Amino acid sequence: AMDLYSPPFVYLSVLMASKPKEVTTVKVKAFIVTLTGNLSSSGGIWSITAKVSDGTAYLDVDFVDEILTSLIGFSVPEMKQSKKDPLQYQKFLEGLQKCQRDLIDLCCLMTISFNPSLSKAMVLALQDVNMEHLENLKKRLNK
């Protein structure tokens, strides 16, 4: 098997077979198969559940606040204050359109925090593939 730190990313089926006892961070290339939830602002923060896949598994995830804020361009506080002015709320709505699109089109390296007792992970950060990633994959296949 593969250590869970091997660049440029690992596989969710490998992580599962590891049988981790504790909460474990890995990185994987996934896309969203589907949402399982509407955008929420409960708790004063953004949340959304999804099923992703990296080709080896399916996995329930929630996006962290910081991701969804950067996709929309608005925090929960900013969104509420946007509701008090028509022009600013419009910019929020375009933010929302953009985000919903981003999610449809998302295909990248997700840094996921996986809780083994709960079958549920948290997506901490996203990153697009680059030349370095490519080399790493080259090297790891000895090619």
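In case it trips you up, residue 1 is the first one in the sequence shown, and so on.
- According to the PDB record, 112-120 carries the higher mean C-alpha B-factor of the two stretches 24-32 and 112-120.
- Of the candidates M79, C99, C107, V52, the deposited coordinates give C107 the top C-alpha B factor.
- Among the modelled residues of the chain, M131 sits in the highest third by CA temperature factor in this PDB entry.
- Ranked against the other modelled residues of its chain, the C-alpha B-factor of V14 as given in the entry falls in the highest third.
- Ranked within its chain, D62 lands in the middle third, by CA B factor from the PDB record.
- Per-chain ranking of the deposited C-alpha B factor places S42 in the highest third.
- Ranked within its chain, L103 lands in the middle third, by CA B factor from the PDB record.
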